[PDB]
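K.L.:
Below are the structure tokens for one structure; questions will follow.
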Protein chains: 2
Amino acid sequence: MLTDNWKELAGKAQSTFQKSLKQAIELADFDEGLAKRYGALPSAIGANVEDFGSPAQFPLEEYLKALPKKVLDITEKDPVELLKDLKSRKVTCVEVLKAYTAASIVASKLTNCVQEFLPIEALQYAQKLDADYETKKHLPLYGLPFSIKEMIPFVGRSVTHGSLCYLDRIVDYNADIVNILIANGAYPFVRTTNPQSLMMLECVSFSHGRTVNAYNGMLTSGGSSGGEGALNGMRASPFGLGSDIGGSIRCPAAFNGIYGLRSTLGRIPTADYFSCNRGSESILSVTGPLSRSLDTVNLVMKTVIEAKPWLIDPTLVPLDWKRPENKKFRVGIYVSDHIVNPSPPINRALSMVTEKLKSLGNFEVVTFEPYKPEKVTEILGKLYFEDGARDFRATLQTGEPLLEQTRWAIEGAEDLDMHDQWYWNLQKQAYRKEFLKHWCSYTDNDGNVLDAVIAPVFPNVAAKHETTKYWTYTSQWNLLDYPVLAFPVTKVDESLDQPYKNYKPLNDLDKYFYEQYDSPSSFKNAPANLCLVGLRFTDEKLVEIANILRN
Amino acid sequence: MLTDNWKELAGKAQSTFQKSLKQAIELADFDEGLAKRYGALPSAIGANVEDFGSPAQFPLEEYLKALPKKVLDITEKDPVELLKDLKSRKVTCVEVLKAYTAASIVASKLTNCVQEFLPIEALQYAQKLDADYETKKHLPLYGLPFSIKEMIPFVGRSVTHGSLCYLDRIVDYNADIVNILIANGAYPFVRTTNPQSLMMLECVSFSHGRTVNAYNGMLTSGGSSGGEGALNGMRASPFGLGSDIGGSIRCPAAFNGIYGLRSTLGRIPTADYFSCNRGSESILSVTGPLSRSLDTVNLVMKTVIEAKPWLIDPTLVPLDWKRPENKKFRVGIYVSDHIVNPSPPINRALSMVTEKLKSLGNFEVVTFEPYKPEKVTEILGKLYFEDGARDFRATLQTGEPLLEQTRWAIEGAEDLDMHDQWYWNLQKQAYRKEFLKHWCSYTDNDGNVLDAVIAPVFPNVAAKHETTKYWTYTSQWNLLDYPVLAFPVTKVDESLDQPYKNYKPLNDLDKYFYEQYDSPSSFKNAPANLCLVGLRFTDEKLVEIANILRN
């Protein structure tokens, strides 16, 4: 840990970003027309980490306008299809790198989703991938760059999870999942932004400033993997890796209208990531990919697991990544937990998806009721910061200010005695066992279990800044460790999504979210996503059902 | 002329081009990446002059993808801005030549717009211009290359206007306008294609094959300055010189979405060009610039006229090139001649330009009715080929086939007796006098004359091959000798430009053009241009109004 003044350290972080941005622009080699249009874009990057700039109203429109067809023809192509072009040599690995690097630079300025570009090592990866074309063409991800959340170790970099005090914490190794993906023909080219404490569903830190939504620049990108959500929502990366302990993969994915998988704990390696509360095991985070392309999420999962990562990380289970053979499906619709009702755009998305599943013959669709959702907050309120947030709070010895959203996550945290931890571990495992019984109560007379549940990711589309005051719609599945896949449905419609009249709130917090949704014009063009929830290790069922919903 | 078999001569024409193409590639000095992409481009050049190849759907998109930043940063620059860099020595005369030579090579393969490159003399011009930088820094076109239609004499070259029989017609001199432009720091670097007889609004000859549109390769470039329209539409030349006796400058410019000025006869020297019917004076062609850049059009006229060309060509009038001091404008909109109605894309261009002028306070906008447009065809029907096309048909003694478009131009040609010419000269002068009275009938109560008329250039955007069967929208102003400036407005919009419903044709020829517009997709991405018409010697009013329309 460092104890230097935070203002000096924020300088050092900005400098690291700016030096890599300069190198990124050199690699992309803009012609003067693009350099001009790029220069004139509204920036979400300020002069310092407390100045949040002036974001575009519709960053994706600005991105698609600014970039030349010569770049978009690569970055807008579905990554699995792009893998065919790299395999057949219609495009070089270095060519793909240049396009996506340029895309990420435009994305960085509009959304502020990049913490550090990796142009030096990425060119080395792509060049020798071209040189070794004949020997590595067979690899499942040959030539594809990808993004990694800053919390993921990469050789020679500091790993801070957004905390300035860790700027001298340099690693000489990559995370296991990074090396596995590299062994399969991929390589990271950019590090995405992460917020203070990582326990925020937004993306504000004193290492980068504020990250904004790819579809509406007045809204949050989400968090904790906010840079990944913004970068991949802008299609400026084929896919990315985030982490998810309270919604930190699915919230960015849903807010930015893309796919994001909270994978079951123990399938893919994440423990070598850096966060707060290192060594805490009561509730464990997971990783998983974010991408515009469901086929790319599936291929990344398939690639890492078929590399048998349990022979490097022993917390993992040797369970194959397998397409489910079920042709019939039983699916529940989780319309509300009856604590905070979803806003109109989320409710319309639930109806759309309900109607589509009912129209297909092989889906039986039932209502799914909550089971003690208040119990989610009680337990996670004790286990998220089980040291009373001492480990996080010590990071602020630099004077780094405490953000409003971080305040919520550490409010009330108890420094548990061993017997207190034991008490709540028993509360955790009992709730898990009770909920399984609840889930199995929906099995039919013939003995067919529920395959998946469809639920919101958040009580609304991308939230206004400093308003993500309810976690249960995502953290429920972290307490249970159920795999959850966020997927796109629709966008806000100003005609269809007017506020409910004569709404009677369920409680003060539901009242807060009701008044938060003042009108759809406040959320123009915001994607309305949902998620598919499955029992532990049924990840593949979720991919298969999402496949049907997009056809 | 020559009397050899035409197939041998077409070979000789192809050899001259291929010999100059080889020298151009050496001058351009491709690196391997460009040489590779150039080799793989779809060509509008065939194996022989009757084989038209397989052109790209969007030649311009292919051009922008194929050429490097090292080239596009110069050729995409507005030539007036590029002149600043040449003056301040931020860029070399040879550097600019190399970029534009490379651009024209790529443009040549994609659109077939180059008849002969001039890289030997161009390198000599550019090299000594660099050497003489300190003494020639002041010249208004210092360092700028430009293209010339093949009909324009250049030292040591054959001048054929596309007729194979004239391949032994070598000149030892440049055209007056060329020498003037050289005296002002410019130099020609490429010769562009022209069609058989020059009397078609397309660009097909047995010297080069078929020239295609820069924006949609299934459509014609226009003619007769078809190479000029394509080359400058691809922005592969800073500007070019064409000729216009029936629309042969404005039709290429309009089809390729750039500017083209049919300047008033008697301003800039053109008589030393070569065409058919040399010595025919009943209807005289004019020259004028084509360019992507309006500012470049204005500067060439200013440069040539300020060189006092009436001291070399005595047919010219000593009238300064002067920007008008008008603060108010009266402008007419020519919606139709009520013989052939414009297609939807042109019709929307008229409304767009109308609504823009009405939105500025200082424009009075009135509807402009036609005046006996049928008399245009009748008079031009007698005076275009007043020898009964005897001179042109003698070019076919080589066996050179008669193209379908040429057939239209010479069908019905009478070999006029002197009294017949006198009769039609009087008809010509009477119509001009009647039309002036028509124009002046639009003068308002305070005595303000119409400053300009906005009219179509053609009943449609760039035509499908062998369908340019109506000339009046351009030849009207050749009969009258009014200055006309073609200028860009919009592109085909597939939503907005669906065919007219419940359309009732005005006559057989109008029905033909209606059926020609089968759907906007047949003309995807084709520019919709219009033109500004002024009274004789008001060229500058047209430039000034075009300036306002593009801001």
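Lettering and numbering for the structure tokens are positional, with chains as A, B, ... in the shown order, residues counted from 1 in each chain, and ligands counted from 1 in the shown order.
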Taking the DSSP assignment computed from this structure's backbone, write out as JSON, numbers by chain all residues of region 156-266 of chain B that belong to alpha helix (DSSP H).
P.N.:
{"B": [176, 177, 178, 179, 180, 181, 182, 183, 226, 227, 228, 229, 230, 231, 232, 233, 250, 251, 252, 253, 254, 255]}
K.L.:
So that I have them on file, write out the residues from the current selection with C-alpha atoms, as a CSV table (one decimal), in the first residue's frame.
P.N.:
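To be explicit, this is the file written out as out_27.csv:
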chain,number,residue,atom,x,y,z
B,176,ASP,CA,-3.7,27.7,-74.7
B,177,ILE,CA,-5.4,27.1,-71.4
B,178,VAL,CA,-2.8,24.5,-70.5
B,179,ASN,CA,0.1,26.8,-71.1
B,180,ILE,CA,-1.6,29.5,-69.1
B,181,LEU,CA,-2.1,27.1,-66.2
B,182,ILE,CA,1.5,26.0,-66.4
B,183,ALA,CA,2.5,29.7,-66.4
B,226,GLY,CA,-16.6,11.0,-68.6
B,227,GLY,CA,-13.1,10.3,-67.4
B,228,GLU,CA,-13.0,13.8,-65.9
B,229,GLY,CA,-16.2,13.2,-64.0
B,230,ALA,CA,-15.1,9.8,-62.7
B,231,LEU,CA,-11.5,10.8,-61.9
B,232,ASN,CA,-12.6,13.9,-60.0
B,233,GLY,CA,-15.5,12.2,-58.4
B,250,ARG,CA,-22.2,19.3,-66.4
B,251,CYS,CA,-23.5,15.8,-67.0
B,252,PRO,CA,-20.3,14.1,-65.8
B,253,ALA,CA,-20.0,16.5,-62.8
B,254,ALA,CA,-23.6,15.9,-61.8
B,255,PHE,CA,-23.5,12.1,-62.2
K.L.:
Per residue of region 95-131 of chain B within 12 Å of region 156-160 of chain B, note the shortest atom pair and the distance in Å to one decimal, counting only C-alpha atoms, and order the rows by chain and increasing residue number, as JSON lines.
P.N.:
{"residue": "B:115", "atom": "CA", "partner": "B:160", "partner_atom": "CA", "distance": 10.9}
{"residue": "B:116", "atom": "CA", "partner": "B:157", "partner_atom": "CA", "distance": 9.7}
{"residue": "B:117", "atom": "CA", "partner": "B:157", "partner_atom": "CA", "distance": 11.3}
{"residue": "B:118", "atom": "CA", "partner": "B:157", "partner_atom": "CA", "distance": 10.2}
{"residue": "B:121", "atom": "CA", "partner": "B:156", "partner_atom": "CA", "distance": 10.7}
K.L.:
Can you work out the spacing between CA of residue 460 (chain B) and CA of residue 219 (chain B) in Å, to one decimal?
P.N.:
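Separation between CA of residue 460 (chain B) and CA of residue 219 (chain B): 11.6 Å.
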K.L.:
Extract, using only C-alpha atoms, all DNA, RNA and protein residues at most 9 Å from residue 384 (chain B), discarding same-chain residues fewer than 5 positions from it, and format them as an mmCIF file with N, CA and C atoms, in the first residue's frame.
P.N.:
data_model
loop_
_atom_site.group_PDB
_atom_site.id
_atom_site.type_symbol
_atom_site.label_atom_id
_atom_site.label_comp_id
_atom_site.auth_asym_id
_atom_site.auth_seq_id
_atom_site.Cartn_x
_atom_site.Cartn_y
_atom_site.Cartn_z
ATOM 1 N N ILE B 245 -20.499 20.998 -75.225
ATOM 2 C CA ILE B 245 -21.327 21.465 -76.327
ATOM 3 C C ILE B 245 -22.756 20.949 -76.232
ATOM 4 N N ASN B 277 -16.055 17.876 -86.713
ATOM 5 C CA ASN B 277 -16.643 19.082 -87.293
ATOM 6 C C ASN B 277 -15.795 20.320 -86.995
ATOM 7 N N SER B 280 -16.668 24.091 -87.788
ATOM 8 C CA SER B 280 -18.077 24.350 -87.537
ATOM 9 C C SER B 280 -18.208 25.389 -86.436
ATOM 10 N N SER B 282 -21.507 27.154 -86.065
ATOM 11 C CA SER B 282 -22.913 27.454 -85.808
ATOM 12 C C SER B 282 -23.274 27.217 -84.348
ATOM 13 N N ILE B 283 -22.771 26.135 -83.756
ATOM 14 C CA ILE B 283 -22.875 25.892 -82.317
ATOM 15 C C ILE B 283 -21.477 25.568 -81.808
ATOM 16 N N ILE B 379 -33.527 22.890 -83.403
ATOM 17 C CA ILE B 379 -32.412 23.696 -83.899
ATOM 18 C C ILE B 379 -31.099 22.922 -83.769
ATOM 19 N N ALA B 389 -23.182 14.651 -90.733
ATOM 20 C CA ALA B 389 -22.280 13.712 -90.074
ATOM 21 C C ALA B 389 -21.267 13.101 -91.038
ATOM 22 N N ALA B 409 -27.048 10.437 -81.869
ATOM 23 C CA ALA B 409 -26.557 11.788 -82.098
ATOM 24 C C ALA B 409 -26.492 12.138 -83.576
ATOM 25 N N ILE B 410 -26.265 11.154 -84.448
ATOM 26 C CA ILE B 410 -26.107 11.424 -85.873
ATOM 27 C C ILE B 410 -27.332 11.049 -86.694
ATOM 28 N N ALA B 413 -29.192 13.618 -89.353
ATOM 29 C CA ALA B 413 -28.331 14.738 -89.707
ATOM 30 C C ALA B 413 -28.451 15.072 -91.193
#
K.L.:
Output as a tab-separated table one row per residue of chain B within 6 Å of chain A: the closest atom pair and its distance in Å to one decimal place, counting only C-alpha atoms, sorted by chain and residue number ascending.
P.N.:
residue	atom	partner	partner_atom	distance
B:65	CA	A:70	CA	5.7
B:69	CA	A:31	CA	5.2
B:73	CA	A:32	CA	6.0
K.L.:
CA of residue 113 (chain B) and CA of residue 44 (chain B) are how many Å apart?
P.N.:
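Straight-line distance from CA of residue 113 (chain B) to CA of residue 44 (chain B) works out to 9.2 Å.
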K.L.:
Using only C-alpha atoms, which residues sit within 6 Å of region 267-275 of chain B once same-chain residues fewer than 5 positions away are excluded, as a ChimeraX atom specification?
P.N.:
/B:151-152,177,287,316-317
K.L.:
Any chance you could list, as a VMD selection string, the residues in region 344-525 of chain A that come up strand (DSSP E or B) when DSSP is run on the backbone?
P.N.:
chain A and resid 363 to 367 387 415 452 to 455 464 484 to 491
K.L.:
Show me, as a ChimeraX atom specification, the residues that have an atom within 10 Å of region 472-481 of chain A when counting only C-alpha atoms, minus same-chain residues fewer than 2 positions from it.
P.N.:
/A:244-251,262-265,282-286,336-337,339-340,342,373-377,379-380,383,428-429,431-433,435-436,455-459,469-470,483-484,531,533-537
K.L.:
Using only C-alpha atoms, which of B:444, B:414, B:168, B:202 sits nearest residue 462 (chain B)?
P.N.:
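Closest to residue 462 (chain B) of all the choices is B:202.
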